[PDB]
Amino acid sequence: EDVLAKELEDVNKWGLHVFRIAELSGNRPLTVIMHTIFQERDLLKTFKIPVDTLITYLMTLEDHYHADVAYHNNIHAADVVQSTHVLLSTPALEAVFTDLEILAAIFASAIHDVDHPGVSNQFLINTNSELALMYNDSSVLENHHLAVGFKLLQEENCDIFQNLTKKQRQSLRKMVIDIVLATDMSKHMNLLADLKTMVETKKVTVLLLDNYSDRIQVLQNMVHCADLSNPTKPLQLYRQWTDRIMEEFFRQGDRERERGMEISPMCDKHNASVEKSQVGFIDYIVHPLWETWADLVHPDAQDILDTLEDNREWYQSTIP
Amino acid sequence: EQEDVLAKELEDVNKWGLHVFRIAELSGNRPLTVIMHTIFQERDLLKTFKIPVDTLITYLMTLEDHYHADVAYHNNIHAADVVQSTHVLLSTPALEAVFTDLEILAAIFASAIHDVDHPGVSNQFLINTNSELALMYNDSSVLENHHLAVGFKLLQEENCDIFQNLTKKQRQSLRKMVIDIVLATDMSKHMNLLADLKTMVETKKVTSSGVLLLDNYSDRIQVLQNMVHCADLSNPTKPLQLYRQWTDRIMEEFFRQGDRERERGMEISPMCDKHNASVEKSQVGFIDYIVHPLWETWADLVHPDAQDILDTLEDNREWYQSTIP
Ligand SMILES: COc1cc2c(cc1OC)[C@H](CCCc1c[nH]c3ccccc13)N(C=O)CC2
Ligand SMILES: COc1cc2c(cc1OC)[C@H](CCCc1c[nH]c3ccccc13)N(C=O)CC2
Ligand SMILES: [Mg+2]
Ligand SMILES: [Mg+2]
Ligand SMILES: [Zn+2]
Ligand SMILES: [Zn+2]
């Protein structure tokens, strides 16, 4: 238990040893990382959240991530939380999202994949699942993650927002919904188009964002970047994330095959190239996103972008 | 002979101003079932889509049961009214041969399910009271998402899948169209929906047959969305004896919601305070700011097909206005 404390001192750094923390914490990475970030940002006193209510909620939330899902589990949630925490500190901003906006982005990251079944929205839609029937084929999983994340606040001693004012709770709820809904992959291109627009019309002294519409757009893109941050991490971490997403994909492709459905991209294990898929994912999705981002906050996050380009070069070299 | 009178009244199914409250009584509180069945036969939809008649009746009766008989406005009579109004709007000369049988089926089915299981309170009330529905749907088109989920879920009950003989592509296309239509009945979408309809009227293209030219999904679904939205907001365009009954019913629902808001210490929603209400001024305002802007634009789209409907709306506005001084 003291090596865990040592691991947590790198909470403000890109490349935290999140898999080690998951092992040392007894598969409680989301709980410990969240507890550490709330202390570090002084959110428990800022919003008057009792420490025991925080722990109770975090453990209940963590329990609703599936332990038999290789990628979309509590370790991924903890990673996205911690990554958002670092991006919130990019100098190109500095103290410029409200404290409520900071709490919303961090809470949204923690709940953003809760109760994920390990299959895609398209799978849930094409299989006529109960989830897709409930949500009318529209951001099916993301709507569900939000509903679960908020519903768990109503469990015994779980309301970490009990001492927020009524206005604050309403504002936070809207921001959290806006952020998590933006993690739907089908919204990526519009999100990226808007982020580009913002960069081109950027005003700085540091970024000056006067209207809520632009600020929520940045927070949406921020958590999206954090969700798509695996290829920007030290390679030892990135390779583990690749192993886990491919396990999840292959298990879904097997289900598509058996049902006679078209197999989803990268999900056919008999015609799969893991490394080519990573290079293509970086080239078409992750690098455009992170380059645009790095432009927005230029020239901060050059170290993050440096790692992404190193990792792209390495994966390409593994292709004969 | 009760059935004979009912059959006589259903001969008016192609007319604006159908005696829908009489049909509700004569059918034993089954206006949605009998009006939908009549329209499906009139449009030959059972034959076209190979819908077994017993399956249709079973689904309709189950759907109708899931409207709340104890809500004054958002009940099965309102659903039957919106269905029949959509059916008349679909028959307008300016749209002859414009929509496929599948699009027609989608618009009518959407109208039938569009308020199912409505609790008689607004989306904002459900959001502000932290309801289970608003929690499920993240404060976004809360009721309309629920109406869709219930309407589709009921197709899975015993002998209720009226779409059992559609192709897979037909079912996929119908499902998407129905979702797009019912979500457009959310009041928060009205201003953008109307702005788009105005843009279409200003840029409208007509064929050599004289009918509307709609050559992409965006334009086709937009017309169907606004059509069902007009049907939903059609009460002030109906003969006055119908309109006044709809006004009585919505005010009962509004006042009951206001009584709940008042008891909870909430600010009372507009038109919901029975101690500070003007029913007549509220109807004139509703017409002037919402219903007439919408219907004048629809009438422009299908000109001159809807002139009589617009004339009735304007007469009814003048009538309510005349009761204020
Ligand atoms: C470590 O490598 C991976 C990690 C993850 C993914 C893919 C990876 O490698 C190809 C997929 C991407 C699939 C397509 C997709 C999902 N969201 C998107 C947003 C924008 C564009 C595409 C997508 N994820 C899906 O949940 C996120 C996690
Ligand atoms: C007979 O009179 C009425 C009938 C109905 C309404 C209001 C009436 O009289 C004021 C309300 C309107 C409230 C606010 C509202 C709801 N949707 C809208 C769409 C656009 C603009 C406002 C609204 N309805 C709500 O379900 C439809 C039924
Ligand atoms: Mg997700
Ligand atoms: Mg409705
Ligand atoms: Zn995620
Ligand atoms: Zn309605």
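Order of the sequence lines fixes the chain letters, A, B, ..., with proteins taken first and strands second; residue numbering starts at 1 for each chain. Whatever order the structure lists them in is the order used to number ligands and atoms, beginning at 1.
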Undergrad: Taking the non-hydrogen atoms of A/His72, is any one of them nearer than 4.0 angstrom to ligand 1?
TA: yes
Undergrad: Which protein atoms of type N, O or S are found under 2.8 Å from the Mg ion (ligand 3)?
TA: A/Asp113 OD1
Undergrad: In terms of the angle between their ring planes, are B/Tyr137 and A/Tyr135 parallel, tilted or perpendicular, with boundaries placed at 30° and 60°?
TA: perpendicular
Undergrad: Look at ligand 1 and say whether A/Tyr284 reaches it with a heavy atom at a distance under 4.0 Å.
TA: no
Undergrad: Could you check atom 2 (O) of ligand 1 against the protein and tell me its nearest heavy-atom contact, residue, atom and distance included?
TA: A/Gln278 NE2, 3.2 Å
Undergrad: Any carboxylate oxygen within less than 4.0 angstrom of a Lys/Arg side-chain nitrogen, looking at A/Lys269 and A/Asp254?
TA: yes
Undergrad: Judged by modelled atom types alone, do A/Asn136 and A/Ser138 share a side-chain donor-acceptor pair under 3.5 Å?
TA: no
Undergrad: Is any side-chain heavy atom of B/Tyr59 less than 4.5 Å from a side-chain heavy atom of B/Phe109?
TA: yes
Undergrad: Determine whether the aromatic ring centres of A/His116 and A/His145 lie less than 6.0 Å apart.
TA: yes
Undergrad: Among B/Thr237, B/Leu313, B/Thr297, whose side chain to side chain contact (heavy atoms under 4.5 Å, CB included) with B/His292 holds?
TA: B/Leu313
Undergrad: Using every non-hydrogen atom in the two residues, find where A/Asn73 and A/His66 come nearest and quote the distance to one decimal.
TA: CB-O, 3.5 Å
Undergrad: Quick one: sort the A/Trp241 and A/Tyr71 rings into parallel, tilted or perpendicular, breaks at 30° and 60°.
TA: perpendicular
Undergrad: Heavy-atom pairs closer than 4.0 Å: do any link ligand 1 to the side chain of A/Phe249, the backbone, both, or neither?
TA: side chain
Undergrad: Could you tell me if the side chain of B/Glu144 sits less than 4.5 Å from the side chain of B/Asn123, heavy atoms only?
TA: yes
Undergrad: Name the option, out of A/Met266, A/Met185, A/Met246, A/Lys233, that contains the heavy atom nearest to atom 15 (C) of ligand 1.
TA: A/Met185
Undergrad: Who's the nearest protein heavy-atom neighbour of atom 1 (C) of ligand 1, and how far?
TA: A/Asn230 OD1, 3.6 Å
Undergrad: Kindly give the heavy-atom pair with the smallest separation between B/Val182 and B/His114, and that separation in Å.
TA: CG1-O, 3.9 Å
Undergrad: Among protein heavy atoms, which lies nearest atom 27 (C) of ligand 1, and at what distance?
TA: A/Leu228 CD2, 4.1 Å
Undergrad: Looking only at protein heavy atoms, identify the closest one to atom 3 (C) of ligand 1 and say how far it is in Å.
TA: A/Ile245 CG2, 3.6 Å
